[PDB]
Structures are given as C-alpha cells and as structure tokens.
Amino acid sequence: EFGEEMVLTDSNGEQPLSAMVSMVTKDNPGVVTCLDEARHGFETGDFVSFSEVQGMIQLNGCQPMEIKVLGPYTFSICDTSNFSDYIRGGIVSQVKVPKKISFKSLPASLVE
C-alpha cells in the first residue's frame, strides 16, 4: 500500500517473475499448481508475492513468503489455510528480498 509507489527501484533490471496461478490448495504446507506457461522462475526457498488471487485474497494482501517447488508447476508455501479459500485467478511472482550490492549464487548461468 503506497509503499509500492514509495519504494526504491532497487530491482535493478530484474523485474519480479510473474506466473499464472492455476489452483491453490487450502492446506499446510500449502500447495498450488501453476499454468504450464506459468514459468514462475521461483526457486525452492525463494520468496514470492501474489496478486489478482480470488478468494485467497490473503495472498494478495500478504507479504512475500518462502516457497518450495514440489514440481515444475507445483509449489508449496506456508499455509494456505492461513490465507483463505481459493476461488480463481491469481498471479504469483517471485520476490527475492532486496540485497545489498553483492554476489549471490545466481540461477543457472545463461548460455549464449
């Protein structure tokens, strides 16, 4: 809230990777399924945030959380029961919490 506007563009070139949410399962650990195109780019132990989630609005209104990828399109999170009931929609995006200018083990290096 407003912080989105009042926040540093610290995300340098890196924009959050966003994915289409297929379904979210009200369970703990919570498990959700993403669209085949929903190439999330999320990493196990990575942090993500949600948007446009229906029913499970808690995610929309929740800070980013740690996630664990069960499969390529299936990931698991804290407790969906601590969110709400999933209706439809839902956009999920990874948020690698802001870092000080530093060298972190980058994701599989790009080949060109």
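Procedures and definitions
- Residues numbered from 1 in each chain as written, not as in the entry; some residues may be left out.
- Heavy atoms only, no water.
- Helix = DSSP H or I, 4+ residues; strand = E, 2+ residues; numbered from the N terminus.
- Buried < 20%, exposed > 50% of the residue type's maximum accessible area, 1.4 Å probe, protein only.
- Core = buried A, V, L, I, M, F, W, Y, C linked by side-chain atoms within 4.5 Å.
- Contact = heavy atoms within 4.5 Å.
- 1 Å grid on protein atoms, 1.4 Å probe; cavity = no way out; pocket = protein on both sides within 12 Å on 5 of 7 lines; lining within 4 Å.
- Points joined across faces, edges and corners; volume = space filled by probe spheres on them.
- Nonpolar A, V, L, I, M, F, W, Y, C, P; charged D, E, K, R; others polar.
- Polar contact = N/O pair within 3.5 Å; in protein donor to acceptor, adjacent residues only side chain to side chain.
- Salt bridge = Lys/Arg side-chain N within 4 Å of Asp/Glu carboxyl O.

- Per the PDB entry, the protein carries the name Ubiquitin-like modifier-activating enzyme 1 and comes from Mus musculus.
- In the PDB, the structure is listed with the title "Refined solution structure and dynamics of First Catalytic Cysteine Half-domain from mouse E1 enzyme".

### Section: unusual backbone geometry
Stage number 1. Note that the residue after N28, namely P29, is joined by a cis bond; omega there is 0 degrees.
Stage number 2. Here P29 shows up in the loop between β1 (18-25) and β2 (30-34).
Stage number 3. Phi angles above zero are rare outside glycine, and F2 is one such case at about 65 degrees.
Stage number 4. For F2, the position within the fold is in the segment before β1.
Stage number 5. Here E52, not a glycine, exhibits a phi torsion of approximately 55 degrees, which is positive.
Stage number 6. With respect to the helices and strands, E52 occurs in strand β3 (residues 46-54).
Stage number 7. Looking at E52, the relative accessible area reads 58%, which means it is exposed.

### Topic: the nonpolar core
In globular proteins that are soluble, nonpolar side chains generally tend to be buried together.
Stage number 1. Counting residues in hydrophobic clusters, the biggest one holds 18 residues, and the most contacted among them are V48, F50, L59, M65, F75, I77 and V92.
Stage number 2. Only β1, β2, β3, β4 (65-69) and β5 (74-77) provide two or more residues apiece to this core.
Stage number 3. Excluding its chain neighbours within four sequence positions, the residues that come into contact with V48 are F42, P64, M65, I67, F75, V92, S93, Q94 and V95.

### So, the layout of surface pockets
Empty pockets left among the atoms are what a rolling probe the size of a water molecule brings to light.
Stage number 1. A volume near 1700 Å³ is recorded for the largest pocket.
Stage number 2. For the lining of the largest pocket, the elements supplying multiple residues, two or more each, are β3 and β6 (88-94).
Stage number 3. By residue number, the principal contributor to the lining of the largest pocket is β3, which donates three residues.
Stage number 4. Partitioning the lining of the largest pocket into residue classes produces 16 nonpolar, 14 polar and nine charged.

### Looking at the side chain of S93
Stage number 1. By the secondary structure assignment, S93 is in strand β6.
Stage number 2. Reaching out from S93, the side chain makes a polar contact with the backbone oxygen of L17 at a distance of 2.4 Å.
Stage number 3. Beyond its immediate stretch of four places on either side in the chain, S93 contacts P16, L17, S18, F42, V48 and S49.

### Structural notes on the pattern of salt bridges
Stage number 1. Under the criterion given, the structure shown has four salt bridges.
Stage number 2. For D85, the salt bridge identified is with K26, shortest N-O distance 2.5 Å. With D85 in the loop between β5 and β6 and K26 in the loop between β1 and β2, this pair connects stretches of sequence that are 59 residues apart.
Stage number 3. For the salt bridge of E43 with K96, the shortest nitrogen-to-oxygen distance reads 2.5 Å. Residue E43 is found in the loop between β2 and β3, and its partner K96 is found in the segment after β6; the two are separated by 53 residues along the sequence.
Stage number 4. Take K96: its relative accessible area is 39%, and that puts it in the partly exposed class.
Stage number 5. Through salt bridges that share partners, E43, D46 and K96 make up one connected network.

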